[PDB]
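*Asks:* One structure follows; several queries about it will come next.
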Amino acid sequence: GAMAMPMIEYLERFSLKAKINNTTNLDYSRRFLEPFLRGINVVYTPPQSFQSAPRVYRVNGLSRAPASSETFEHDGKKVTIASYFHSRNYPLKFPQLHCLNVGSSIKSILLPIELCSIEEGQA
């Protein structure tokens with residue numbers, strides 16, 4: 001056991017049999033990765049620069065906009081998801097990946113699936 005597999009790593013080994021890096025075409029494929037990702041539980045691991053406790057979220061699916069697209073108002077500034085993590089001193093390697101739609105169906109939170117990990121008990 002103890003197989004908390006990072007969603008990128010999971011994608012590589014199981015879904016693609018290939019390498020996930022800057023040559024990803026799975027960015028726009030995220031919409032068709034939805035059907036596979038619907039109804040999973042992912043442990044969100046906050047990057048080392050966050051020092052925050054990891055929490056598992058039930059994936060209802062994916063949000064229609066990537067992390068470099070969606071913005072939220074903080075400090076009066078509408079910052080992109082990707083920029084907020086970058087400001088926390090963690091540059092997202094593939095922020096163009098459609099954000100993970102988790103948290104709640106009435107309160108959706110968008111999280112970089114890169115930092116989400118599939119729990120061994122789901123498979």
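In the structure tokens, the first chain shown is A, the next is B, and so on; residue numbers restart at 1 for each chain, and ligands run from 1 in the order shown.
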List the neighbours of stretch 87-89 of chain A out to 10 Å using only C-alpha atoms; skip same-chain residues closer than 5 positions along the sequence, and give me the result as a PyMOL selection string.
*Replies:* chain A and resi 47-50+79+82
*Asks:* Deliver the residues from the most recent selection as a file, using N, CA, C and O atoms, as a PDB file, in the first residue's frame.
*Replies:*
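Output file part-v4.pdb is given in full below:
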ATOM      1  N   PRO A  47       2.000  22.243  -2.283  1.00  0.00           N
ATOM      2  CA  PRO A  47       3.440  22.312  -2.553  1.00  0.00           C
ATOM      3  C   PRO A  47       4.250  22.703  -1.323  1.00  0.00           C
ATOM      4  O   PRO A  47       3.753  23.359  -0.408  1.00  0.00           O
ATOM      5  N   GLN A  48       5.518  22.301  -1.335  1.00  0.00           N
ATOM      6  CA  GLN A  48       6.422  22.472  -0.197  1.00  0.00           C
ATOM      7  C   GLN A  48       6.529  23.930   0.247  1.00  0.00           C
ATOM      8  O   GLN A  48       6.864  24.208   1.395  1.00  0.00           O
ATOM      9  N   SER A  49       6.239  24.845  -0.665  1.00  0.00           N
ATOM     10  CA  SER A  49       6.327  26.267  -0.382  1.00  0.00           C
ATOM     11  C   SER A  49       5.079  26.764   0.362  1.00  0.00           C
ATOM     12  O   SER A  49       5.046  27.891   0.857  1.00  0.00           O
ATOM     13  N   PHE A  50       4.062  25.915   0.443  1.00  0.00           N
ATOM     14  CA  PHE A  50       2.805  26.272   1.102  1.00  0.00           C
ATOM     15  C   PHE A  50       2.834  25.883   2.573  1.00  0.00           C
ATOM     16  O   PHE A  50       2.350  26.634   3.423  1.00  0.00           O
ATOM     17  N   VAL A  79      -6.148  37.655  -9.982  1.00  0.00           N
ATOM     18  CA  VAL A  79      -4.984  36.846 -10.296  1.00  0.00           C
ATOM     19  C   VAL A  79      -5.412  35.483 -10.812  1.00  0.00           C
ATOM     20  O   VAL A  79      -6.448  34.951 -10.403  1.00  0.00           O
ATOM     21  N   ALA A  82      -2.786  29.915 -11.711  1.00  0.00           N
ATOM     22  CA  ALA A  82      -1.372  29.634 -11.935  1.00  0.00           C
ATOM     23  C   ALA A  82      -0.472  30.679 -11.281  1.00  0.00           C
ATOM     24  O   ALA A  82       0.560  30.342 -10.699  1.00  0.00           O
TER      25      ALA A  82
END
*Asks:* I'd like the neighbourhood of stretch 90-99 of chain A as a compact mmCIF listing (two decimals) with C-alpha atoms, in the first residue's frame, where a residue qualifies if any of its atoms comes within 12 Å (using only C-alpha atoms), though same-chain residues fewer than 5 positions away should be ignored.
*Replies:*
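Below you can see out-v9.txt, which holds the result:
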# COMPACT_ATOMS: atom_id res chain seq x y z
CA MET A 7 -2.30 12.48 -10.95
CA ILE A 8 0.39 13.36 -13.47
CA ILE A 20 3.94 14.13 -19.23
CA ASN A 21 5.98 17.29 -19.80
CA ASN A 22 5.91 20.51 -21.87
CA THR A 23 4.86 18.42 -24.90
CA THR A 24 1.48 17.51 -23.37
CA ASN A 25 -1.45 17.38 -25.76
CA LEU A 26 -3.62 16.27 -22.85
CA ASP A 27 -4.26 19.93 -22.06
CA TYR A 28 -7.19 20.16 -24.44
CA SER A 29 -7.83 16.46 -23.89
CA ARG A 30 -8.74 17.24 -20.30
CA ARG A 31 -12.36 17.49 -21.44
CA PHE A 32 -12.22 13.83 -22.56
CA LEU A 33 -10.21 12.90 -19.50
CA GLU A 34 -13.21 14.09 -17.49
CA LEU A 37 -11.74 11.40 -13.69
CA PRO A 46 -0.04 21.57 -1.13
CA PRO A 47 3.44 22.31 -2.55
CA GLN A 48 6.42 22.47 -0.20
CA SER A 49 6.33 26.27 -0.38
CA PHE A 50 2.80 26.27 1.10
CA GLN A 51 3.40 24.16 4.22
CA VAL A 59 -13.65 14.92 -7.94
CA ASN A 60 -16.96 15.62 -9.59
CA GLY A 61 -15.02 16.41 -12.72
CA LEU A 62 -13.09 19.21 -14.35
CA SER A 63 -13.63 22.93 -14.66
CA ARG A 64 -14.03 24.39 -18.14
CA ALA A 65 -11.09 26.78 -17.76
CA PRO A 66 -7.36 26.11 -17.16
CA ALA A 67 -5.33 27.58 -14.28
CA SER A 68 -3.84 30.24 -16.54
CA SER A 69 -7.33 31.30 -17.59
CA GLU A 70 -9.42 31.53 -14.40
CA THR A 71 -8.96 34.54 -12.15
CA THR A 80 -4.93 33.62 -12.26
CA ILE A 81 -4.82 30.27 -10.45
CA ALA A 82 -1.37 29.63 -11.94
CA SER A 83 -0.07 33.03 -10.82
CA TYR A 84 -1.22 32.54 -7.23
CA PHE A 85 0.74 29.30 -6.94
CA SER A 108 -16.47 24.48 -6.82
CA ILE A 109 -12.77 24.96 -6.27
CA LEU A 110 -10.30 24.81 -9.11
CA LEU A 111 -7.07 23.01 -8.33
CA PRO A 112 -4.08 22.10 -10.53
CA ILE A 113 -4.50 18.35 -11.04
CA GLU A 114 -0.67 18.28 -11.03
CA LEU A 115 -0.88 18.67 -7.23
CA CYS A 116 -3.76 16.26 -6.94
*Asks:* From a DSSP calculation on the backbone, collect every residue of chain A in alpha helix (DSSP H) and output the set as a PyMOL selection string.
*Replies:* chain A and resi 7-10+30-37+81-87
*Asks:* With C-alpha atoms retained, could you export that selection as a CSV table (one decimal), in the first residue's frame?
*Replies:*
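What landed in result_33.csv:
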chain,number,residue,atom,x,y,z
A,7,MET,CA,-2.3,12.5,-10.9
A,8,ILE,CA,0.4,13.4,-13.5
A,9,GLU,CA,2.3,10.2,-12.7
A,10,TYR,CA,-1.0,8.2,-12.8
A,30,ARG,CA,-8.7,17.2,-20.3
A,31,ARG,CA,-12.4,17.5,-21.4
A,32,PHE,CA,-12.2,13.8,-22.6
A,33,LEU,CA,-10.2,12.9,-19.5
A,34,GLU,CA,-13.2,14.1,-17.5
A,35,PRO,CA,-15.1,10.8,-18.1
A,36,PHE,CA,-12.3,8.9,-16.5
A,37,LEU,CA,-11.7,11.4,-13.7
A,81,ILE,CA,-4.8,30.3,-10.5
A,82,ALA,CA,-1.4,29.6,-11.9
A,83,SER,CA,-0.1,33.0,-10.8
A,84,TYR,CA,-1.2,32.5,-7.2
A,85,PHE,CA,0.7,29.3,-6.9
A,86,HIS,CA,3.7,30.9,-8.7
A,87,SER,CA,3.5,33.8,-6.1
*Asks:* Enumerate, as a PyMOL selection string, the complete set of residues in stretch 44-99 of chain A that a backbone-based DSSP assignment places in strand (DSSP E or B).
*Replies:* chain A and resi 44+55-59+61-66+71-74+77-80+98-99
*Asks:* Quote the spacing between atom CA of residue A:57 and atom CA of residue A:4 in Å to one decimal place.
*Replies:*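 Spanning atom CA of residue A:57 to atom CA of residue A:4 is a straight-line distance of 13.5 Å.
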*Asks:* Find the residue from A:39, A:52, A:1, A:77 that sits nearest to residue A:105; use only C-alpha atoms when measuring.
*Replies:*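 Among the listed residues, the smallest separation from residue A:105 belongs to A:39.
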